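Chains as they are written, first to last, in the UniProt record's numbering: chain A, 161 to 290; chain B, 161 to 290; chain C, 161 to 290; chain D, 171 to 322, 343 to 386; chain E, 171 to 322, 343 to 386; chain F, 171 to 322, 343 to 386; chain G, 171 to 322, 343 to 386; chain H, 15 to 42; chain I, 15 to 42; chain J, 15 to 42. Don't be surprised by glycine CBs; every beta carbon is placed ideally from N, CA and C. Taking it in order: structure first as structure tokens, then the write-up.
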Amino acid sequence: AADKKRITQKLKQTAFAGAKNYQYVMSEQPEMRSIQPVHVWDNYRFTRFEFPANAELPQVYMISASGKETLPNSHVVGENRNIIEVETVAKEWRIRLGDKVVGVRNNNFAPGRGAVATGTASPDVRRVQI
Amino acid sequence: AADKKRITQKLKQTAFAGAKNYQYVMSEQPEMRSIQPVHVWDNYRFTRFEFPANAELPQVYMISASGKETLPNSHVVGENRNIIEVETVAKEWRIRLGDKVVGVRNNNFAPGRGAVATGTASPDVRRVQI
Amino acid sequence: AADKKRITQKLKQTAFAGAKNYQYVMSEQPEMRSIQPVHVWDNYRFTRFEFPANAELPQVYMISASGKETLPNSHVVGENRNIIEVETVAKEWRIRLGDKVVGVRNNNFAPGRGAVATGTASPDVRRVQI
Amino acid sequence: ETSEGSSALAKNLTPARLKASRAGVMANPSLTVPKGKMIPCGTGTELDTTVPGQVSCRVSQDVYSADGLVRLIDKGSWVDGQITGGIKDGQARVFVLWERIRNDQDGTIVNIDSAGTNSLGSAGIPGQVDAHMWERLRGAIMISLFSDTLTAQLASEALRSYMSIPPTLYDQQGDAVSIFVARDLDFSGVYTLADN
Amino acid sequence: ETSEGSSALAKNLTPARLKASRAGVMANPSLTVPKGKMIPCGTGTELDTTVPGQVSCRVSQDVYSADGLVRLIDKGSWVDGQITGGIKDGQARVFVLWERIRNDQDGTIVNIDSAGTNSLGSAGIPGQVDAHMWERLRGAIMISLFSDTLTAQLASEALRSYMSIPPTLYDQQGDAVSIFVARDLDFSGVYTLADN
Amino acid sequence: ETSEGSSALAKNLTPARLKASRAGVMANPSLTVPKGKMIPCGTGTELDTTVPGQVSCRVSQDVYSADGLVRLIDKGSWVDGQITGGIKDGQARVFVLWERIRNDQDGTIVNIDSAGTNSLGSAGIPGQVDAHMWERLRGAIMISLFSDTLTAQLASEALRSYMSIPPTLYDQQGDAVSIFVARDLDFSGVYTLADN
Amino acid sequence: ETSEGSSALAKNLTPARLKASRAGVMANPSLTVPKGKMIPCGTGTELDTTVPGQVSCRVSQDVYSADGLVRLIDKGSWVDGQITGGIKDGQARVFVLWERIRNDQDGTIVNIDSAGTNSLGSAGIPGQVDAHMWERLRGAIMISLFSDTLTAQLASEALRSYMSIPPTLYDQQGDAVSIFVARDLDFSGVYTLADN
Amino acid sequence: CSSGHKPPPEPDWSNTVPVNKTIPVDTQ
Amino acid sequence: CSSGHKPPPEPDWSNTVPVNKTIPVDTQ
Amino acid sequence: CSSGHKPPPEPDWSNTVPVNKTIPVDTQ
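Set out below in structure tokens:
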């Protein structure tokens, strides 16, 4: 319904959950450091990189297992809207932007396990074919 | 409403607020000095550079974190109308104009914090989708 | 109204006022000297250069702060009609005319102050949007 | 019947008077999956724009929506395409035309008609160059050894020969790749909400 | 049927009698976001006008209005575009055509049809030159070593060869860039007031 | 069907019998802002007729009226324009087409369709020359070193090459400039009187 | 269908039988300001038929009538014009097209469509020559140094190059000048008498 | 022969400081 | 080979005097 | 190479006499 959807959609906003990985390590360059993030975290590959007002907008990419680089399909989200939610696999992440080039590392491996069936993007909501 | 808007819009003019950064430092050249500003201040990147009648119109740009230059999307505003409100990130600012080239520095860093959700440009007014 | 305008417009003719700068200094060449002005004065950049009957019509320009030259948007006005009212910033002024080339200097600096909001060209009259 | 290049200049002075763009909202993300997307597939054949004809990939990870909050296009969506024919000379890489992206279990075909790109994202999945400078050269090179052996337009004509035959390419199998799906997918006629 | 270049001169004597311009007011800034703007986006793919086909950026900071008092166009507005094909010879930089600027959460697509520019603002996002002088040269250079070895129009024809193949470009990923959105956006059918 | 050049001479003997000009008065200065004006703007982007596409300026000081007694066009009127494409050979300066001059707070757009000029006033805002003599020359210069090395129409053809590619320009950012707005603005439908 | 050049000769024997001229009186001088006049203006911009586009002058002293007894056209009548484009080779001076002469306080526009002239009166306001022989020459001069270095139609073609690019001019700012306003102004619909 | 691509600008691997500052909350 | 861009005219870094004069108010 | 513009004819800086004669009134 109109109101059925609504309630649900809110449910869907909040799903940056599961047991997160708390530690991301980053690089550190005197140029990088400056325009660094606020908080960057993950539970999945669905990773959030929040930004301060006064922190530039990098462009970040993922390092697939190939080791070679790739570009993630990302988006930013938030009331803050600053954060960039990326929806592609990768441990590391580069965070280029012209000369400069950071590269936060994600740091978790529960290997060989993790897969389930979300059943949408975020598990809150669901797909009930039409 | 017609009158509802009005009242609000005035509310919106005045939002060069928050806790400002008071100190801007500039360069200083004997050529610059002359056609310098009156007051230049910021609370955000929303920065105002007031001008006297008899002070030329520079063209100023922003130094993004890339360090390389960029051009800001600016406007001037004011009954005075002299001031130039710029709405792009950057600490420094150049202020070229032919040969001459000033470069006021903004000077604040509350790093890692600042972001919120204005919800318009200026927080006075708001966006209530149509 | 028809008569409302009129009265006002006269009001608008006379606004070569404020506290003038009385001293303009000029150059002085034996060729210049001859076809010099009568009175040249300013309160603003709105500067008047009156001419005698028997004094040629120079062409004058402004020296913007860039130091390089520019051409002013000028006009002449007056019952006398001889005077040239120029409406562009500049301290100095050249006053070329073929070979010859004078260059009256304006001489005031109340720096960092002056700006207000005229609200038209001349402050007599006003703009009350239609 | 004024001037023409009067017009043109005039066009580009006030720049532009390009027609206003309707900044109108895509209703939903689950109404529209915007491009600006990559369809990060995975190629599963050898590729050789040597020979025109088809390559095939299948999706890798998932494709998403506008906001990017719903996961509509999912993996195992096999795509198929075609390389109309050989690259040009030393061209970095072939060009690729992924046509239909079909889905596996579900169905979810869709003639997407987009080009493929690279990991990097640049258009066309890259490869290696068979110059074939040989076959293009062997011509005048036999003949000319004969005119040479007279002692012990053929250059120009040999160039007209040369350009005739294309080179070829090559890109290996199982290459990570992506599609600049240059458009919009609706899955707002599958997928909708909700909890839990 | 007077003189023509009689006309033309006549045209340019009283300069101009160009037709009066209606100096009319854009009603609102929240009626119109004027260009003269930069859409300061951020490119998120590798770029290579090597191969025609698309680049993608997304907005960086915000876009504003006429007065510049309202913030209508906000960040996270992904744009997508296209480089029709390789630059010319040693051309400073490719040219870029950002087509649709779409918004993220909201919707806010809009076929903007503007070119991109540079940080500096100059049109077209710059890059590096693959001259490819090689492939264009290797032709006459093999052949000619043979005419050379006769001892131990081909130049003209070789030039007609040469110009044939374009060079290419390149611009890296995550380049700060902007769009000279050469037009006007209405978001006076989203966004309106008010307090607090 | 008399003589033609009978006519022409005849035309230019009594010089001219050019048609009388209606020396009619522009009613008001606040009815008309005459050109012969400079729109003394201030450019706020880098400029490079290297690449076609847009520059942007915004007004500097104020624009006035006929008599010059009213100040109608005020500052902060952003203008945008376009450089259709590269200058010619060693041309002093690019040409510039400021199209729409828009105003900031108010509105006051206006497709002005004028060229820009210089501080000096001369038409077209000047710049610097990238000759690019290199790329135009590197052609025959590789090839010809080979015909040279035979020892250790290509000149004509090389010239047909050469002229092909334009040079480029450049003008820096924040240049003081002006517009020969080649026309008349009415702000007699904004602005009127009065005291005090 | 007699002879033609029978006619022509016949035409020029009794010389001429040119058609009688109506020696009719211009009613008033305040009905008509005759040309044969100079509009002794004063140029207020730099001028460079380097770049096509506009110059601007404003009147100097006054313009008068037929008898020359009334002073109708007065000073401060700003004129604007245009130099369609560069002079020819070593041409003494550019040509100038003053179009509209507008008046200041009053109004008094008038598309005059006359050329400007010189102090001397000769048509076209003079200037200086940028030959630009350089850019026209640098072509064959690089190339030819190479054909020269083979040792240590290109001339014809180089000439076809050369003439291609125009030179340019220049005339300084604030030049005393005048207009051969090649016509008649009525101010018999302003100005009339009388005493004291 | 030809050249390849230049391997990527490689971030500091040596220095390595943690990303996060305070601890993250959900914004959205 | 080719040339690049010339790095920008760089303002006085040595001398450094404060901008503001009196203290700012809001105009608008 | 090429030439530039010639810097402008520069007025007497040495001799410097005041402009005004009597004191100005408003005409208009």
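Extent of the continuous alpha helix (DSSP H) run through residue i
i, result
"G309(F)", "303-318"
"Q169(B)", "162-173"
"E174(E)", "174-183"
Beta carbon of residue i nearer than 9 angstroms to that of residue j
i, j, result
"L320(F)", "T321(E)", "yes"
"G251(G)", "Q224(G)", "yes"
"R286(B)", "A384(E)", "yes"
"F211(B)", "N181(B)", "no"
"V249(B)", "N242(B)", "no"
"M186(A)", "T30(H)", "yes"
"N233(C)", "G238(F)", "yes"
"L267(F)", "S284(F)", "yes"
"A178(F)", "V380(G)", "no"
"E216(B)", "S226(C)", "yes"
"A236(E)", "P204(E)", "yes"
"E252(A)", "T207(A)", "no"
"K35(I)", "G272(C)", "yes"
"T41(I)", "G274(B)", "no"
Selection from the options that minimises the alpha carbon distance to residue i
i, options, result
"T278(C)", "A250(C), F269(C), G178(C)", "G178(C)"
"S28(J)", "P283(C), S234(C), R265(C)", "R265(C)"
"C227(D)", "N288(D), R306(D), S314(D), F377(D)", "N288(D)"
"residue 327(A)", "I255(A), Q169(A), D163(A)", "In the structure as shown, chain A starts at 161 and stops at 290, and residue 327(A) therefore has no counterpart that could be examined."
"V229(G)", "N386(G), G175(G), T278(G), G309(G)", "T278(G)"
"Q169(B)", "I290(B), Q289(B), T280(B)", "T280(B)"
"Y204(A)", "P190(A), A213(A), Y184(A)", "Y184(A)"
"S282(C)", "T215(F), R241(F), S173(F)", "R241(F)"
"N281(G)", "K189(F), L290(F), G291(F)", "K189(F)"
"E269(F)", "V249(F), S378(F), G255(F), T172(F)", "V249(F)"
Enclosing beta strand (DSSP E) for residue i [first to last residue]
i, result
"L349(G)", "No beta strand (DSSP E) contains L349(G), which is instead part of the alpha helix (DSSP H) from 345-354."
"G286(E)", "281-286"
"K260(B)", "260-262"
"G212(G)", "211-213"
"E245(C)", "243-246"
"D250(D)", "248-252"
"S289(G)", "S289(G) -> no beta strand (DSSP E), and no H or E assigned at all."
"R228(E)", "226-229"
"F265(F)", "Element bounds for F265(F): n/a, residue is neither H nor E."
Determine, using beta-carbon pairs with one atom in the segment 248-264 of chain F and one in the segment 204-220 of chain F, whether at least three such pairs fall under 8 angstroms. yes
Would you be able to state if there are at least three C-beta pairs under 8 angstroms between the segment 214-228 of chain B and the segment 349-364 of chain F? yes
For the segment 243-255 of chain F against the segment 266-283 of chain F, are there 3 or more C-beta pairs whose distance is under 8 angstroms? They touch, by the three-pair rule.
Touch test, the segment 186-197 of chain B against the segment 166-179 of chain C, Cβ-Cβ under 8 angstroms, three pairs minimum: Contact fails: fewer than three Cβ-Cβ distances are below 8 angstroms.
Three CB pairs or more closer than 8 angstroms across the segment 180-188 of chain E and the segment 344-354 of chain E: no
I'd like to know if the segment 203-211 of chain G and the segment 350-358 of chain F are in contact, where contact means that at least 3 CB-CB pairs between them fall below 8 angstroms. no
Cβ contact check for the segment 368-383 of chain D and the segment 368-385 of chain E: 3 or more pairs under 8 angstroms: no
Output, in sequence order along the chain, the residues in the segment 199-217 of chain F whose CB is closer than 7 angstroms to any CB in chain B. Per Cβ criterion, the list reads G212, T213, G214, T215.
Please name the residues in the segment 232-260 of chain C whose beta-carbon is closer than 7 angstroms to at least one beta-carbon of chain G, in chain order. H235, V236, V237, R241, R256, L257, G258
Just by C-beta distance, which residues in the segment 353-381 of chain D are closer than 8 angstroms to chain A? Those would be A366, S368, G379, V380, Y381, in chain order.
Between the segment 241-259 of chain E and chain A, which residues of the former have a C-beta closer than 9 angstroms to a C-beta of the latter? Under the 9 angstroms Cβ criterion, the segment 241-259 of chain E contributes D244, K245, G246, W248.
If contact means a Cβ-Cβ distance below 8 angstroms, which residues of the segment 289-307 of chain E contact chain B? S289, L290, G291
In chain order, what residues of the segment 164-187 of chain B put their CB closer than 8 angstroms to some CB of chain E? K164, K165, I167, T168, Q169, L171, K172, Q173
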